Each structure stands twice: as C-alpha cells, then as structure tokens.
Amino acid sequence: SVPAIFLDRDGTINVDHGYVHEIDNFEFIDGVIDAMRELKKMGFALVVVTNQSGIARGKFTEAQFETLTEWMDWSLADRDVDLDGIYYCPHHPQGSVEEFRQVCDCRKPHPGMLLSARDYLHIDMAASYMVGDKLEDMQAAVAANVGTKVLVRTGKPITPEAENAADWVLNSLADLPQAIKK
C-alpha cells in the first residue's frame, strides 16, 4: 500500500474561472507544481479527483476534457510531477447531454472516485489527505475514510459548512508539504 494526496482540480490546482476546458484558460495556482513535486518526493501518490458537470451541461465535451487533461498531465510530468491517477465525474442529474445525465456515485460528495483510486492504486486511506476548496470535497473525504481533510483558500471563498467538515484550512495547496512536515 501507499499513502496519497487526493486533489481537487478547479480552485486547488488551477484558477477556477468557471467551466475551464481550454488550455488557454488553464492557469496553475502559484507554487502548486513545486508543492506537488515535493509531495511526490516525500513519498505520496498524487491522484486528481474532479467533478466536471460542464460535460453533462453541454458546456464542453468529454473530448475537450481529455485534450485539456492530456495537456495538464504532460505539463506536470515535464516538471517532474508524475500523477498516479486522474479521476473525473462528467455527470449531473439534470444534464442536457443524455449520455451523462444521471445520478452517479462518483459525483462529489459521493466518494466513488476516491474509492476507485483506492482499489486501483492500493491506497492507505487513513494515512492519506484530501485537498479541495468546497464542502463536497470534505464530505467525499469523510465517506472515503481519508485521514486528513484540507480546505484551501485558493478557490471557493470558503463557506462555514466547508470549514466545519475540514481538518486543516490552508491558503493553498502550495502550503501543504510544510504543514505535513511540521
């Protein structure tokens, strides 16, 4: 088994601009690539787990998401961050794209994406971390038995509910390796 950092994308890796689907609108938050290289170095698996309901909404396609995601993956790999998994949920109950219109158990706060990563990569759950900007990220993490639940301030101007469900509140993912060391 391996401990992991589970990662939100929007608001945690990239700046949340609303339905980010183009390379030209993807902007890594300051210090997050270096922080991830350090988290790799300290021996964590890194696993993205992202809700992408813009797909169900018909904002962008699965093909556009894969194009953006291949790019993000290479762009991290080239900076010596090698991601262990990238999981995403394209669904929404009210989606207008029929393929993707459904209730599912991968859509955060449902824990399914973290569970699939857990079985695939054989993850030590209680030794693991979930980093996100939203309450659903905290709720997915509790359901999944993630040892430590970290809310960041680089996405959703946080809510009192999100803050209640979290263990740590950090300014950003860029602050996580020092918070883990101490």
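Note that residue numbering begins at 1 and tracks the sequence as displayed.
Asks: Quick one: say whether 97-105 or 83-91 has the higher mean Cα B-factor in the deposited entry.
Replies: Per the PDB entry, the higher value belongs to 97-105.
Asks: Which has higher Cα B-factors on average according to the PDB entry: 173-181 or 4-12?
Replies: Per the deposited B-factors, the answer is 173-181.
Asks: Would you check the entry's CA temperature factor for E66 and let me know if it's in the chain's lowest, middle or highest third?
Replies: Its C-alpha B-factor, which the entry lists for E66, ranks in the highest third among residues of this chain.
Asks: Would you mind checking where the Cα B-factor of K149 ranks among the modelled residues of its chain, as the lowest, middle or highest third?
Replies: According to the entry, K149 has a C-alpha B-factor in the chain's lowest third.
Asks: Would you mind checking where the Cα B-factor of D119 ranks among the modelled residues of its chain, as the lowest, middle or highest third?
Replies: It falls in the top third of the chain.
Asks: Comparing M42 with the other modelled residues of its chain, is its CA B-factor in the lowest, middle or highest third?
Replies: It falls in the top third of the chain.
Asks: When the modelled residues of the chain are sorted by Cα temperature factor, does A35 land in the lowest, middle or highest third?
Replies: Lowest third.
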